[PDB]
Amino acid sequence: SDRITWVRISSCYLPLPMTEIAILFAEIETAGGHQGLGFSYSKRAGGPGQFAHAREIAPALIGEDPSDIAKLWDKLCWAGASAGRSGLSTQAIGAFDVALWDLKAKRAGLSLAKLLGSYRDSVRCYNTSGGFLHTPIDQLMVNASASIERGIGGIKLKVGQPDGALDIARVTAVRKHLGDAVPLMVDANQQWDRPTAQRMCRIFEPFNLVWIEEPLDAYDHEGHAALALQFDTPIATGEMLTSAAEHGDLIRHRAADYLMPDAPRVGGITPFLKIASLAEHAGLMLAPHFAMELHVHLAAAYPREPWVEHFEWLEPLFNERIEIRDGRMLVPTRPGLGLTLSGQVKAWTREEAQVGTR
């Protein structure tokens, strides 16, 4: 069979008090001439950690059959056995895992979505239109309308400030400005305690929001389950979880209507697929967090209509762009992820290492 002969990893600081995002890129090449590209990231601390671990375990891939992806995921995990099956170690593993899936799809001359098997050619999308809790409503409404004009399918508004009546008034304003035909979601970013979340969720019910995201602390599964059980409005959460096991807990507690796994954060496509499988089984919906260039493919393979958020943050890393039209994000049709590194990455790369022969 084929075998991995070369691997290169690099830490790229993408310029945007978040001033930059640390990206970990993984490049894998095989004796058969096949190639794959993958990545993971860290918004805050963690970039140097992911890279250092990735650099130490990369050699374990040399000589292995690229097609046995899950097997390799497990092998690299064992390479750092005392490091755990979550967190920084598996996120570093994720960059390689994504590269291998990219490579396999390309081997089949198919987009990642088609390799996995698709249910749709485009996915519903939304954005925050640069909106923040401190953004004047007037400014946000304008930016939101511009997004709808450009094809976005929904708007997610930040909420969770001490004065809840203010958030309610802000959402009412956007609803009036955009009309009942524009879907809206709110993200409390874990800012409410249980009683407040109960009161805020009850007030939002008549608004018919698509979902209320992270009303509680990321690990308060029982709290989230209680909210979901009681309210019609879907509860969304999961972006902070870093393993299939943590998502498994959410599902077991029925703490989320919309699961929000982040492939890079949970250790790559392999663990993401196991989470998606558990979610499908449990009858849940999917709303992947961040990294649309990767999640658009993963969402396309989910059986029930998902939502993917449009972000411009990572665009500069790649030559290709995502296309949006009429409230939906088009699933790329190029082989694999359909991504190649922009020449600009050269300037932002702070660390790099390679092993094997090309």
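Numbers follow the displayed sequence, beginning with 1.
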- Task: Check the entry and tell me how many residues of the deposited sequence have no coordinates between residue 347 and residue 348: none, 1 to 3, 4 to 9, or 10 or more.
- Result: none
- Message: Per the record, averaged over C-alpha atoms, which has the higher B-factor: 34 to 42 or 295 to 303?
- Response: 34 to 42
- Item | Mean Cα B-factor comparison, 71 to 79 or 131 to 139, giving the higher one as deposited | 131 to 139
- From 279, 174, 182, 212, pick the one with the largest CA B-factor in the entry? 182
- Would you mind checking which of 217, 167, 232, 121 has the top Cα temperature factor in the PDB entry? 167
- Query: Lowest, middle or highest third: where is residue 261 by C-alpha B factor in its chain?
  - Reply: lowest
- Sorting the chain's modelled residues by C-alpha B-factor, tell me whether residue 61 ends up in the lowest, middle or highest third. middle
- Query: Lowest, middle or highest third: where is residue 150 by Cα B-factor in its chain?
  - Reply: highest
- Item | residue 270 by Cα B-factor - lowest, middle or highest third of the modelled chain | lowest
- Assigned third (lowest, middle, highest) for the C-alpha B factor of residue 325: highest
